[PDB]
Amino acid sequence: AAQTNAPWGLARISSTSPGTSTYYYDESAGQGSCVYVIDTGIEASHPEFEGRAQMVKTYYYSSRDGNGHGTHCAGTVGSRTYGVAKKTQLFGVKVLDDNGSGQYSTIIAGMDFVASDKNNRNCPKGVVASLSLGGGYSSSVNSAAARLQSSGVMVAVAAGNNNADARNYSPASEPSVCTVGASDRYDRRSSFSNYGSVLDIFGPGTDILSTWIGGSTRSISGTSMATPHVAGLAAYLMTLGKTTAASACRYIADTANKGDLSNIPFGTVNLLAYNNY
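What counts, and where the lines are drawn
- Residues numbered from 1 in each chain as written, not as in the entry; some residues may be left out.
- Heavy atoms only, no water.
- Helix = DSSP H or I, 4+ residues; strand = E, 2+ residues; numbered from the N terminus.
- Buried < 20%, exposed > 50% of the residue type's maximum accessible area, 1.4 Å probe, protein only.
- Contact = heavy atoms within 4.5 Å.
- Areas by Shrake-Rupley, 256 points an atom, 1.4 Å probe, with all protein chains shown as cover.
- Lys, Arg positive; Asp, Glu negative; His and termini not counted.
- Charge placed at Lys NZ, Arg CZ, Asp CG, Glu CD.
- Salt bridge = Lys/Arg side-chain N within 4 Å of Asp/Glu carboxyl O.
- Polar contact = N/O pair within 3.5 Å; in protein donor to acceptor, adjacent residues only side chain to side chain.

Caption draft 1: Summary view of the overall build of the protein chain. A count of helices and strands for the protein chain gives 6 helices and 15 strands. Here the C-alpha coordinates of the protein chain stretch approximately 45 × 40 × 35 Å along the principal axes. In the protein chain, buried positions account for 59% of the 277 residues. Partitioning the intrachain contacts of the protein chain with sequence separation of at least 6 by distance along the chain shows that 72% fall at a separation of at least 24. Element-wise, carbon and sulfur atoms account for 45% of the exposed surface of the protein chain, whose accessible area totals about 10200 Å². In the protein chain, 20 side chains carry a positive charge and 19 a negative one; their mean positions are 2 Å apart.

Following this line, the structure appears as structure tokens:
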């Protein structure tokens, strides 16, 4: 399948080269997979979600996304126009308040929630969790992400936006999950992207158009925007039967575009997520 005039990041993940604008993907499109977006919530009535999004948990007085950040990330995973996996099922877990903030204890509870809640959902092709959040190093946060991965969920986490080594941030620094850096449309490391040996992969993260609250759209930047590209890619590849939740990060790294990015510090992988379609 081909989507013309796609957001640059979608075109990038199906291309061997930067500078094109059509997204190419197998029409299965992640059908039968599920992706949990652990964030500020999802405005599930957005027409772009087509009834495939739903809230499954909040830790706050409402499940509404009063921020936009979770809606944007969910759109990059799975919206019809802005999403990588256009037929996946999206599940919102609101661990962040409408200012985008959350306590680590709530974030941990949300990760353990997903590890159990997937047993209440129909995801025959597999389960992914996208965590566009993080803060300073916490062994408890890293352990929660490790448990979620161990339970059979492909966990993709943002590297962080500090232009620093991700080893000092969580859950970015957890070795067993997929830690995602950000790139721009010219195949440069995004200026804010964290780096370091703990990164597994880069995805598009500068100037990413997606869904927003109030039935709208906007373009924003962050490793938060790169992470859902990789989460959606994992769901897509699991639907195709190419990989599994336990192996998808490694598979994505093995099949990535190699050596295409600039300003990658010595010791950080030079790997850009690629669907090889």
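Further notes follow.
Caption draft 2: Local environment of the pattern of salt bridges. With the rule as written, the count across this model stands at 9 salt bridges. In this structure, the salt-bridge partner of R52 is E50, at a minimum N-O distance of 2.9 Å. Between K94 and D98 there is a salt bridge; the shortest N-O distance is 2.8 Å. Residues joined in a network through salt bridges with shared partners are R12, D187 and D260.

Caption draft 3: Structural view of the side chain of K94. Note that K94 resides in strand β5 (residues 89-94). Polar side-chain contacts of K94 include one of 2.8 Å to the backbone oxygen of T40. Here the side chain of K94 touches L96 through a polar contact of 2.8 Å, landing on its backbone oxygen. Those residues in contact with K94 that lie beyond four places of it in its chain are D39, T40, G41, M55, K57, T58, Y59, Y60, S62, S63 and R64.

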